2 protein chains.
Amino acid sequence: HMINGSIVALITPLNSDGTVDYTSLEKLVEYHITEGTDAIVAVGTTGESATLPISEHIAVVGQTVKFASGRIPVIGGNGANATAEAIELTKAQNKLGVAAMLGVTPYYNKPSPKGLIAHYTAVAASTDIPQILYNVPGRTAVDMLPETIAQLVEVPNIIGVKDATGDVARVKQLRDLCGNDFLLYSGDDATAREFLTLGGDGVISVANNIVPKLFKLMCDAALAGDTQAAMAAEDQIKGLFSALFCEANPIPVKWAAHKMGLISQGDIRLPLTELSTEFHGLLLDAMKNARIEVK
Amino acid sequence: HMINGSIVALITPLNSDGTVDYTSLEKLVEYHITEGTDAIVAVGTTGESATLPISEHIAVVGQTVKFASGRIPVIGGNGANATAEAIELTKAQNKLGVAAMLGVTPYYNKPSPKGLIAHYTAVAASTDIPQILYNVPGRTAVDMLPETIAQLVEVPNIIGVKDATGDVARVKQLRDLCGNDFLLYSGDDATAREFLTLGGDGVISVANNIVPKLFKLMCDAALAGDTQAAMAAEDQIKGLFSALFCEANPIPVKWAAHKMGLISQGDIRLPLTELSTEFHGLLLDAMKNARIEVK
Ligand SMILES: N[C@@H](CCCC[NH3+])C(=O)O
Ligand SMILES: N[C@@H](CCCC[NH3+])C(=O)O
Ligand SMILES: N[C@@H](CCCC[NH3+])C(=O)O
Ligand code: NA
Ligand code: NA
């Protein structure tokens, strides 16, 4: 495909009663279009997939598409830890208008490598939308290694992989086993720029939510081989790459977005909780240092 | 209250079409009654909670209670990584006939300590059935420590905790922070005898699916202070404590039970896969050495 560069793993904004705040979601979409983000992932981990039941999950993906109105690709979150639940989310998104789907490996139940292969083959067989694989063993408790991802490159609608391990040596291992056309996205903001420098195609990012302009600049420059401009853009925002993780994503990034006036309400669904006050100064400082206005 | 000793985290047997095999489920319950098991957990991790949707999950818990006919306590699995979803599962089990519910900590979304407290408090508020907490960081990516668990002891119907860390020093730390009335169950067969000796109340176990008589003996001896008899019973089955984890549980134990003829078929739901041929000889040996008659 040609989906690449700076991709935002969008937060799902909520109202005071915990229902989805569609007005803010629309404003987030316009914001990304204006700021130059390359694509939007709806209902990934950053979008709190776990606490959206299926009907709400697909309503969010569907409305995100509708707000985009052809101006930016939207990629639908479709991972599950039951192969059948993943097919069901896929099928429900077939008619949506989504450029692609992003599916985390099964979490918590720890499938073997052949189970991962069979899981994603079954999900790919249920659609012709492109599928992007997503490895994050720090949350799922399985590390889907390059020699497993490799056995899936042959599926014609499996087009790429979001790897969040921060292990940048995996770019070369993945390039050698998957070819030049398999799309490689960093899911780890802190190593993102290096990950592009070594050969990656793009970044599906948290920090994106709040610094989309500089992040886009960082990414373009790194893809273009202009490393000084890439490091110079990274420099400004780098503190966010730890501060947005003082408590689990998206607890911090949701706080930042509310604090900035991007979304009406800071509400987040249990078992996640609002950023605790002991980290508020830490984050506010990192936001100032990233040139984010207010307060 | 009075649930302690050897508790089996029951496998969920399936037909070769992947539907639930209630004829083998019934046979499993009778077997445990015969062999002296103290209680059954239905739809824990070992029971494939992940790949059972909510209404099958309830069907399994409810049939298990029915087969038990008041002859052995049944504990219902009610963990979820969304608080609302844990509530729904708890509410559906309220009039099933369970003695207790077992709830794993939220997995994959990594809530903070205060989020865990809020989650379990909300879940406990929706029922009058006793609630056992369940910590397994190796699967969930969140480690709920003694200090956090201590703050839930006062909740009147949260009666104890299944810790699967294999960190046996936590028995002492949990006793000191929770008191003597909080029930402490080991979730880790390899350290279960030791966990009992150091003060625990019971074991919620994988191995006792296939060696229930010996595992009970070991638990009874350990609780009664007869460490020689506990150690003699452990010695005979110890091989199973690593052999049953050669792939993620319940992959091996489900293969073992089929191989023994406890269940009609060895089917398991995607993304989980049947035990790999390469481990067959290893587990068959560990089985013979535990005195299981291969059928
Ligand atoms: N909370 C469950 C169900 C999610 C339903 C779709 N977003 C999970 O993380 O798998
Ligand atoms: N596969 C999802 C849904 C579970 C449905 C209830 N057993 C999860 O692991 O949470
Ligand atoms: N996220 C929860 C919401 C509660 C159930 C809605 N009927 C679920 O996955 O089911
Ligand atoms: Na491909
Ligand atoms: Na209590």
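Per the PDB entry, the recorded name for chain A is 4-hydroxy-tetrahydrodipicolinate synthase, and the organism is Shewanella benthica KT99. In the PDB, the entry goes by the title "SHEWANELLA BENTHICA DHDPS WITH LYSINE AND PYRUVATE". Under Catalytic activity (unreviewed entry), UniProt gives the following word-for-word description of chain A: "L-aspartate 4-semialdehyde + pyruvate = (2S,4S)-4-hydroxy-2,3,4,5-tetrahydrodipicolinate + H2O + H(+)". Recorded under Sequence similarities (unreviewed entry), the UniProt text for chain A is reproduced unchanged: "Belongs to the DapA family."

Novice: How would you summarise the interface of chain B and chain A if you had to cite specific residues and measurements?
Specialist: With 34 residues of chain B at the interface, the matching set in chain A holds 34 residues. Around 2,800 Å² of area is buried between chain B and chain A when both sides are counted, 60% of it from carbon and sulfur atoms. For the chain B face of the interface with chain A, the top three residues by lost area are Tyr108(B), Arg139(B) and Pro271(B), together amounting to 28%. Applying the counting rule to chain B against chain A returns nine residue pairs in polar contact. Of all elements in the fold, only α4 (113–124) and α5 (137–140) of chain B reach the threshold of two or more residues within the side of chain B that touches chain A. For the side of chain B that touches chain A, the element with the most residues is α4(B), which contributes four residues. A per-class count over the side of chain B that touches chain A returns 16 nonpolar, 13 polar and five charged.

Novice: Describe the pattern of salt bridges, listing the residues and the values that go with them.
Specialist: Under the criterion given, the structure shown has 22 salt bridges over all chains. Across the salt bridge formed by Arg170(A) and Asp143(A), the nearest N and O atoms sit 2.9 Å from each other. One end of the pair, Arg170(A), is in helix α7 (residues 170–178); the other, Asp143(A), is in the loop between α5 (137–140) and α6 (146–149), and 27 residues separate them in sequence. A relative accessible area of 36% places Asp143(A) in the partly exposed class. If you follow the salt bridges from partner to partner, you end up with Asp143(B), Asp163(B), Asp167(B) and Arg170(B) in one network.

Rules behind the numbers
- Residues numbered from 1 in each chain as written, not as in the entry; some residues may be left out.
- Chains lettered and ligands numbered in written order.
- Heavy atoms only, no water.
- UniProt positions renumbered as here; feature names shortened; annotations may be inferred.
- Contact = heavy atoms within 4.5 Å.
- Buried area = accessible area lost by both parts, 1.4 Å probe.
- Polar contact = N/O pair within 3.5 Å; in protein donor to acceptor, adjacent residues only side chain to side chain.
- Helix = DSSP H or I, 4+ residues; strand = E, 2+ residues; numbered from the N terminus.
- Nonpolar A, V, L, I, M, F, W, Y, C, P; charged D, E, K, R; others polar.
- Salt bridge = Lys/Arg side-chain N within 4 Å of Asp/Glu carboxyl O.
- Buried < 20%, exposed > 50% of the residue type's maximum accessible area, 1.4 Å probe, protein only.

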